[PDB]
Structure formats: C-alpha cells, structure tokens
Amino acid sequence: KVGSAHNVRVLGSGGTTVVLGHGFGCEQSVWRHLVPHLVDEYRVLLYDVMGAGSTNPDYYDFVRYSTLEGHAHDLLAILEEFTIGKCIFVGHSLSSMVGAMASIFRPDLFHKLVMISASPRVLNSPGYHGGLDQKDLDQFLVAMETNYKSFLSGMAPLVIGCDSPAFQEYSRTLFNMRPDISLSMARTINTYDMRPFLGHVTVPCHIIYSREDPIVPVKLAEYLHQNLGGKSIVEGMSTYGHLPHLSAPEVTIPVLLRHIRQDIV
Amino acid sequence: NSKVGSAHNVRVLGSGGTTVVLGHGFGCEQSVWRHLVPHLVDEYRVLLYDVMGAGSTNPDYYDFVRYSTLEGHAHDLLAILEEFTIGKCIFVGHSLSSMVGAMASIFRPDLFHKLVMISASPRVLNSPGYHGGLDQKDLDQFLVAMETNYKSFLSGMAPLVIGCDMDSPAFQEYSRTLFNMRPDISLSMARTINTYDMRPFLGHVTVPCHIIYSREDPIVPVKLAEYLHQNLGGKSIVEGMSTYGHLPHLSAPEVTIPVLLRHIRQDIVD
Ligand SMILES: [Cl-]
Ligand SMILES: [Cl-]
C-alpha cells in the first residue's frame with residue numbers, strides 16, 4: 001500500500017540503503033544522474049512525495065499535507081516498510097526538512113542526512129533572512145491560482161536559473177502535478193518553520209548548497225550549521241539555480257557521492 | 001490490532017462523534033484513568049493508550065535516543081491520532097503526556113480541539129529566572145540513586161509522589177505500574193522528563209489549553225500553572241484543586257473527575 005502510493009523503487013544491493021527524496025515539482029527521476037553511481041555499493045530507495053504528478057490525486061489529503069509533518073510521517077512509513085537499521089537519507093529542498101523532522105521522530109533510522117538546497121524557513125523574520133517576504137508570498141500564491149500555467153512558465157526557469165534545454169526536464173514533472181495539489185504544496189513549503197527544532201536534530205548532517213540559489217540564500221547553510229544539534233559539515237558549489245542535481249549533475253553528483261560515502265570527523 | 005495499536009495497547013471505547021484521548025504520566029499505564037472513563041463513555045468516544053516505555057509495552061520498541069526527547073513520544077501520539085481518529089480530539093494528558101500533547105499540537109494543531117493538562121510542567125530544573133522546583137544537584141543524585149539502588153529509590157519515591165495512604169487502592173495501582181517498568185527504560189524516561197525544556201515551545205502552542213493542577217503536588221509548583229498561562233501562544237485557562245499528590249486523577253478522583261469533565265465538556269469561555 002505504502003510502496004504503491006509513493007512509487008517506491010529499490011535498486012542495487014548492500015548492507016546500507018541510500019534513500020533519495022526529491023523536492024517540489026520533481027519526481028524520483030530527478031536522481032537519475034546519481035543512482036548509477038550508488039547501486040554497485042549501496043541499496044538505493046527511490047520514492048515520490050505525495051502530491052507529485054506521478055502519484056494518485058485521491059491520496060492527497062489537503063489538511064494532512066498542509067503541514068510538514070504529514071510528509072515526514074509518509075517518509076517514516078516508507079522506511080519502516082522497506083528498510084532495516086539505519087539509512088543514509090539524501091533530500092533536496094522540501095525533503096531535506098522532511099528528513100530533518102523525521103530524524104527527530106526516529107533518530108534510530110538515520111545514519112546521516114545529506115541536504116541539498118536546504119532551508120528551515122523561506123519567509124523572512126525579524127532576525128532571519130529566509131529570502132521571501134510574507135506579502136510577496138501572498139501575491140505569488142494568488143498569481144499561481146489565477147494564472148497557473150503562466151505562473152509556472154515564469155517561475156521554473158528562475159528556479160532552475162535558465163530559459164533553455166536545462167529546464168525542460170523540470171518542466172515535464174512540474175506540469176505533471178494537478179494545479180490544486182501544486183498550489184497546496186507550494187503553500188506548505190513556503191510556510192513551514194523548522195527553526196525551533198533544529199537543535200533537536202542529532203544525526204550528522206551534510207549541508208550542500210548552490211552558491212547562486214534564487215530560493216535559498218547562501219547564509220542559510222551557515223545558519224543550519226550553527227543551529228543543528230549534532231555534527232554538521234557545509235560545502236558550497238559553484239552552481240547556479242535551485243536544482244543543481246538536475247541542471248549541473250557533472251559538478252553536483254561528485255559532491256553528493258563524497259558526502260554520502262565519507263562520514264564527518 | 002494495528003502495528004501502532006498493538007505497540008501502545010490502544011483501546012477505543014465510548015460513543016459519539018467527539019473523541020477524548022487520555023495520555024498517562026510517568027510510571028503509569030492507561031489503567032490510571034479508571035475513574036474518568038465511565039463518566040465519558042455515554043457521551044464521548046474514548047481512546048486509551050500506553051506511552052512507549054511503560055512496563056506494559058515491548059522493551060524492544062524503546063530506543064533510548066528516540067525517546068530522549070518529547071518529539072519522540074509526540075510522534076507516537078500523532079501516529080495514534082492519525083490512525084484512530086478523523087476529527088479534532090480532546091486530549092487529556094497527565095504530566096509527561098501533557099507536554100507530549102502540547103508538542104504534538106505544534107506539528108498538527110488541526111488534530112486537537114483542546115488540551116487538558118494535569119500536573120503540567122514545561123521544565124523541572126531551576127534556572128536563574130525560572131523556578132521549576134528542582135535543583136540540578138538534586139536531579140543528579142536522584143538519577144544516580146535510580147541507577148545504583150533502583151528499587152530502594154522507587155520504594156521511597158512512590159509514596160511521596162502519590163502522597164496517599166499505602167493501604168489505599170491508589171497506591172496499589174500506582175506501585176504496580178511503577179514497578180512494572182524495566183529499570184533501564186525507567187531511568188531513561190526519568191532522564192527525559194527531568195531534562196526537557198518546553199519553555200521555548202510554549203509560544204508555538206496555539207490550541208486552547210486547560211491547565212489543571214493539584215495545589216499540593218510534590219513535583220509541580222503551583223506557580224508553574226500561571227507560568228504556562230502567561231506563555232502559551234493561544235487561549236488558556238487555569239484551575240487548581242484542593243488535592244494532595246502528583247496524580248490526583250487516581251488518588252482524589254472525587255475531586256478531580258468533576259473538574260476534568262467540566263473542562264472536557266465546556267470550551268474555554270465557559
Ligand atoms: Cl522544495
Ligand atoms: Cl510524568
């Protein structure tokens with residue numbers, strides 16, 4: 001039931017499983033440049049976040065997935081059913097914080113977290129620059145609801161940092177979502193706040209960021225580094241855009257492989 | 001039953017569309033609610049469950065890092081609510097479970113109509129501007145004794161915490177579940193309950209909270225009820241009871257149950 005609802009796919013073999021969680025507007029196919037480098041050494045688990053176009057719209061509970069917790073409980077259900085022991089969790093954007101929260105609920109299931117383009121909170125706050133003002137978020141959400149296809153055609157190039165073979169792939173999965181579900185997920189990712197809980201994350205975290213992410217300010221990597229409760233390490237990449245694992249896999253995948261295989265300290 | 005249901009001995013009783021969820025405190029099991037349940041079943045669905053680590057649960061399911069935080073237990077509560085409820089529950093939590101429920105309501109406020117807290121404390125330790133009631137040196141020596149002479153520590157602790165006669169049914173019930181716990185797990189839970197700090201999280205709680213306290217609670221200063229009242233992020237109300245002990249829902253049900261029923265049935269204005 002859980003494996004079908006999330007298109008769970010297991011590849012490779014080994015005593016350690018690597019779990020890959022995609023971000024908004026993507027599907028598990030976004031990891032295609034990474035999986036072949038891992039299967040010979042690791043078991044690799046792929047899954048789709050509920051609400052992706054590849055998933056059944058009947059399973060999208062709008063109240064449950066108005067919160068980050070609903071996606072975290074989905075991840076935990078996937079790990080309990082399909083893994084054993086501790087896994088290496090890799091998560092881009094939304095799924096990086098999904099995994100952060102899931103590791104507080106079940107630290108006994110994670111060896112480490114590898115975060116790509118991670119942000120504990122997008123909205124600006126008195127002493128915190130997430131990169132987005134509340135009144136701008138409201139305008140983006142209204143614009144997304146009224147002129148859906150026009151909004152996505154302008155946003156996704158900016159998010160990839162492009163426009164244009166680099167963003168065609170992201171466009172395919174982004175428009176695969178149903179507009180009402182896409183709008184609900186966009187609100188959840190732009191309104192969660194993981195700041196109060198970072199100090200209770202105890203598993204090692206590898207913080208990977210794009211040095212020119214339009215959604216994620218560079219200083220947030222340092223913010224995460226300073227406020228996570230356990231050990232962490234930070235590495236920046238000379239990439240442009242919010243999805244470096246898709247637009248620039250020749251630079252991003254070697255970085256991911258290094259932080260997956262090597263442990264802090 | 002379900003995986004989460006069997007792990008926590010989930011039991012569902014009562015009748016009607018609104019569900020009252022009862023979460024017990026340290027050293028108790030769901031049988032601590034013996035006097036409240038029969039006053040609810042003709043009007044409310046009642047969900048009972050055991051906190052992981054209680055003697056009635058499987059020791060193999062208790063991971064010491066997992067349950068070293070309130071989030072670990074709140075995850076279990078959220079799993080239980082998502083599985084056995086579809087509406088907004090009325091959560092009644094004693095001591096440990098009052099903060100578990102508060103923490104759970106931060107992740108999913110949509111699942112809670114209100115929180116009814118019994119003997120609640122956001123932090124036991126004293127700090128420069130905050131009187132939790134216990135100094136660090138006392139906690140350290142309690143935890144050492146709890147590890148060095150565990151049964152001797154428990155035998156001296158139980159009658160003082162429940163504060164009632166040892167020839168009473170309240171002490172028998174409490175002593176049974178307290179000694180039912182596995183010692184290493186008991187020490188783990190005691191370390192968690194005496195080291196969590198909910199003060200930074202109170203402002204993020206937004207569901208209505210009813211703060212019920214025992215005026216002579218040997219564990220919880222009366223003043224903390226007002227501290228919770230001042231610092232919770234949503235509506236809250238305070239009511240004290242002329243009872244003696246930390247577990248008045250078990251030791252003084254004639255006083256406590258009428259108070260709980262009123263706060264379960266009435267919203268915060270009433
Ligand atoms: Cl995202
Ligand atoms: Cl307790």
# chains A, B, ... in the order shown; residues from 1 in each chain; ligands from 1
call {"tool": "select_by_dssp", "arguments": {"residues": "segment 79-217 of chain B", "states": "helix (DSSP H, G or I)", "output": "NGL selection string"}}
result
:B and (79-84 or 96-107 or 109-111 or 136-148 or 150-162 or 169-180 or 183-193 or 199-204)
call {"tool": "closest_atom_pairs", "arguments": {"of": "chain B", "to": "ligand 2", "cutoff": "12 Å", "atoms": "only C-alpha atoms and all ligand atoms", "output": "tab-separated table"}}
result
residue	atom	partner	partner_atom_place_in_ligand_line	distance
B:23	CA	ligand 2	1 (Cl)	10.1
B:24	CA	ligand 2	1 (Cl)	7.5
B:25	CA	ligand 2	1 (Cl)	3.8
B:26	CA	ligand 2	1 (Cl)	3.7
B:27	CA	ligand 2	1 (Cl)	7.2
B:28	CA	ligand 2	1 (Cl)	8.3
B:29	CA	ligand 2	1 (Cl)	11.1
B:51	CA	ligand 2	1 (Cl)	10.4
B:54	CA	ligand 2	1 (Cl)	11.3
B:70	CA	ligand 2	1 (Cl)	11.8
B:93	CA	ligand 2	1 (Cl)	9.5
B:94	CA	ligand 2	1 (Cl)	6.7
B:95	CA	ligand 2	1 (Cl)	4.3
B:96	CA	ligand 2	1 (Cl)	4.0
B:97	CA	ligand 2	1 (Cl)	6.9
B:98	CA	ligand 2	1 (Cl)	8.6
B:99	CA	ligand 2	1 (Cl)	9.4
B:100	CA	ligand 2	1 (Cl)	10.2
B:117	CA	ligand 2	1 (Cl)	11.5
B:118	CA	ligand 2	1 (Cl)	9.8
B:119	CA	ligand 2	1 (Cl)	8.3
B:120	CA	ligand 2	1 (Cl)	8.5
B:121	CA	ligand 2	1 (Cl)	9.3
B:122	CA	ligand 2	1 (Cl)	11.4
B:123	CA	ligand 2	1 (Cl)	11.6
B:124	CA	ligand 2	1 (Cl)	10.8
B:161	CA	ligand 2	1 (Cl)	10.5
B:162	CA	ligand 2	1 (Cl)	11.7
B:178	CA	ligand 2	1 (Cl)	11.1
B:186	CA	ligand 2	1 (Cl)	11.3
B:189	CA	ligand 2	1 (Cl)	8.9
B:190	CA	ligand 2	1 (Cl)	8.4
B:191	CA	ligand 2	1 (Cl)	11.2
B:192	CA	ligand 2	1 (Cl)	10.1
B:193	CA	ligand 2	1 (Cl)	6.9
B:194	CA	ligand 2	1 (Cl)	9.3
B:196	CA	ligand 2	1 (Cl)	11.8
B:219	CA	ligand 2	1 (Cl)	9.3
B:220	CA	ligand 2	1 (Cl)	10.4
B:246	CA	ligand 2	1 (Cl)	8.8
B:247	CA	ligand 2	1 (Cl)	9.2
call {"tool": "residues_near_ligand", "arguments": {"ligand": "ligand 1", "cutoff": "6 Å", "atoms": "only C-alpha atoms and all ligand atoms", "output": "tab-separated table (two decimals) with C-alpha atoms, in the first residue's frame"}}
result
chain	number	residue	atom	x	y	z
A	23	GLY	CA	11.78	18.39	-3.95
A	24	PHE	CA	8.84	20.43	-5.19
A	93	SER	CA	14.80	21.26	-0.57
A	94	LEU	CA	11.43	20.18	0.89
call {"tool": "closest_residue", "arguments": {"among": "A:114, A:183, A:76, A:234", "to": "chain B", "atoms": "only C-alpha atoms"}}
result
A:76
call {"tool": "select_by_dssp", "arguments": {"residues": "segment 35-156 of chain B", "states": "strand (DSSP E or B)", "output": "PyMOL selection string"}}
result
chain B and resi 45-48+52+54+89-94+112-118+125+127+130+134
call {"tool": "write_last_selection", "arguments": {"atoms": "C-alpha atoms", "output": "mmCIF file, in the first residue's frame"}}
result
data_model
loop_
_atom_site.group_PDB
_atom_site.id
_atom_site.type_symbol
_atom_site.label_atom_id
_atom_site.label_comp_id
_atom_site.auth_asym_id
_atom_site.auth_seq_id
_atom_site.Cartn_x
_atom_site.Cartn_y
_atom_site.Cartn_z
ATOM 1 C CA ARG B 45 -15.552 8.130 22.270
ATOM 2 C CA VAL B 46 -12.547 7.366 24.483
ATOM 3 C CA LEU B 47 -9.098 6.376 23.205
ATOM 4 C CA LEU B 48 -6.676 4.861 25.722
ATOM 5 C CA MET B 52 6.234 3.712 24.942
ATOM 6 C CA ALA B 54 5.603 1.723 30.136
ATOM 7 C CA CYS B 89 -9.779 15.244 19.536
ATOM 8 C CA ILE B 90 -9.976 16.437 23.126
ATOM 9 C CA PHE B 91 -6.589 15.424 24.547
ATOM 10 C CA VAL B 92 -6.221 14.900 28.297
ATOM 11 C CA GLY B 93 -2.605 14.426 29.343
ATOM 12 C CA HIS B 94 -1.098 13.962 32.795
ATOM 13 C CA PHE B 112 -6.704 18.855 18.577
ATOM 14 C CA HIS B 113 -9.809 20.660 19.774
ATOM 15 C CA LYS B 114 -8.088 21.482 23.071
ATOM 16 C CA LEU B 115 -5.509 20.223 25.532
ATOM 17 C CA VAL B 116 -6.459 19.436 29.122
ATOM 18 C CA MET B 117 -3.227 19.327 31.127
ATOM 19 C CA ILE B 118 -2.971 17.697 34.561
ATOM 20 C CA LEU B 125 15.021 22.162 36.663
ATOM 21 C CA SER B 127 17.326 28.238 36.130
ATOM 22 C CA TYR B 130 12.674 30.218 36.414
ATOM 23 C CA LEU B 134 14.262 21.112 41.434
#
call {"tool": "interface_residues", "arguments": {"of": "chain B", "to": "chain A", "cutoff": "7 Å", "atoms": "only C-alpha atoms", "output": "list in words"}}
result
residues 65, 66, 71, 72, 75 and 107 of chain B
call {"tool": "residues_around", "arguments": {"residues": "residue 38 of chain B", "least_positions_apart": "3", "cutoff": "12 Å", "atoms": "only C-alpha atoms", "output": "PyMOL selection string"}}
result
chain B and resi 13-15+33-35+41-46+257+261
call {"tool": "write_last_selection", "arguments": {"atoms": "C-alpha atoms", "output": "mmCIF file, in the first residue's frame"}}
result
data_model
loop_
_atom_site.group_PDB
_atom_site.id
_atom_site.type_symbol
_atom_site.label_atom_id
_atom_site.label_comp_id
_atom_site.auth_asym_id
_atom_site.auth_seq_id
_atom_site.Cartn_x
_atom_site.Cartn_y
_atom_site.Cartn_z
ATOM 1 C CA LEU B 13 -14.476 2.795 23.985
ATOM 2 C CA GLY B 14 -17.381 5.173 24.434
ATOM 3 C CA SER B 15 -19.805 6.587 21.908
ATOM 4 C CA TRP B 33 -7.849 6.582 34.052
ATOM 5 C CA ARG B 34 -10.147 4.076 35.819
ATOM 6 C CA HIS B 35 -12.312 6.761 37.420
ATOM 7 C CA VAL B 41 -18.416 6.613 27.536
ATOM 8 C CA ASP B 42 -22.099 7.602 27.256
ATOM 9 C CA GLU B 43 -21.160 10.943 25.620
ATOM 10 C CA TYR B 44 -17.658 10.640 24.110
ATOM 11 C CA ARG B 45 -15.552 8.130 22.270
ATOM 12 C CA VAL B 46 -12.547 7.366 24.483
ATOM 13 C CA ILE B 257 -13.098 13.896 37.791
ATOM 14 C CA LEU B 261 -15.460 16.644 32.990
#
call {"tool": "closest_residue", "arguments": {"among": "B:236, B:1, B:58, B:214", "to": "residue 259 of chain B", "atoms": "only C-alpha atoms"}}
result
B:214
call {"tool": "residues_around", "arguments": {"residues": "segment 164-170 of chain A", "least_positions_apart": "5", "cutoff": "9 Å", "atoms": "only C-alpha atoms", "output": "short mmCIF file (atom, residue, chain, number, x, y, z; two decimals) with N, CA and C atoms, in the first residue's frame"}}
result
data_model
loop_
_atom_site.label_atom_id
_atom_site.label_comp_id
_atom_site.auth_asym_id
_atom_site.auth_seq_id
_atom_site.Cartn_x
_atom_site.Cartn_y
_atom_site.Cartn_z
N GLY A 25 7.89 20.01 -7.38
CA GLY A 25 7.85 20.00 -8.82
C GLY A 25 8.65 18.90 -9.48
N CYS A 26 9.27 18.01 -8.70
CA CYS A 26 10.09 16.93 -9.21
C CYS A 26 9.43 15.58 -8.95
N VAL A 30 14.43 12.70 -10.87
CA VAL A 30 15.41 13.78 -10.74
C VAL A 30 16.76 13.25 -10.26
N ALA A 156 9.57 28.44 -12.85
CA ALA A 156 10.50 27.33 -13.01
C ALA A 156 11.80 27.69 -13.74
N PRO A 157 11.81 28.56 -14.75
CA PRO A 157 13.11 28.99 -15.31
C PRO A 157 13.96 29.75 -14.31
N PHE A 175 4.59 20.36 -14.52
CA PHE A 175 3.25 20.41 -15.08
C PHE A 175 2.52 19.08 -14.98
N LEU A 246 20.08 18.49 -11.05
CA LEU A 246 19.45 18.29 -12.35
C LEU A 246 20.09 19.14 -13.43
N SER A 247 20.34 20.42 -13.15
CA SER A 247 20.87 21.33 -14.15
C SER A 247 22.38 21.19 -14.32
N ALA A 248 23.10 20.76 -13.28
CA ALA A 248 24.56 20.65 -13.33
C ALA A 248 25.02 19.38 -12.61
#
call {"tool": "closest_residue", "arguments": {"among": "A:97, A:189, A:10, A:207", "to": "residue 79 of chain A", "atoms": "only C-alpha atoms"}}
result
A:10
call {"tool": "residues_around", "arguments": {"residues": "residue 111 of chain B", "least_positions_apart": "5", "cutoff": "8 Å", "atoms": "only C-alpha atoms", "output": "PyMOL selection string"}}
result
chain B and resi 81+87-89+105
call {"tool": "write_last_selection", "arguments": {"atoms": "C-alpha atoms", "output": "PDB file, in the first residue's frame"}}
result
ATOM      1  CA  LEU B  81      -4.407  10.063  16.300  1.00  0.00           C
ATOM      2  CA  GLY B  87     -11.814  14.686  13.670  1.00  0.00           C
ATOM      3  CA  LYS B  88     -10.387  17.049  16.257  1.00  0.00           C
ATOM      4  CA  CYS B  89      -9.779  15.244  19.536  1.00  0.00           C
ATOM      5  CA  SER B 105      -0.178  20.028  18.750  1.00  0.00           C
TER       6      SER B 105
END
call {"tool": "residues_around", "arguments": {"residues": "residue 132 of chain A", "least_positions_apart": "6", "cutoff": "12 Å", "atoms": "only C-alpha atoms", "output": "ChimeraX atom specification"}}
result
/A:119,121-125,138-140,190-191,214-217
call {"tool": "residues_around", "arguments": {"residues": "residue 231 of chain B", "least_positions_apart": "2", "cutoff": "6 Å", "atoms": "only C-alpha atoms", "output": "MDAnalysis selection string"}}
result
chainID B and resid 202:203 228:229
call {"tool": "write_last_selection", "arguments": {"atoms": "C-alpha atoms", "output": "PDB file, in the first residue's frame"}}
result
ATOM      1  CA  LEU B 202       5.035  27.278  24.636  1.00  0.00           C
ATOM      2  CA  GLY B 203       4.624  30.294  22.347  1.00  0.00           C
ATOM      3  CA  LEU B 228       2.072  28.219  31.418  1.00  0.00           C
ATOM      4  CA  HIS B 229      -0.939  30.556  31.361  1.00  0.00           C
TER       5      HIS B 229
END
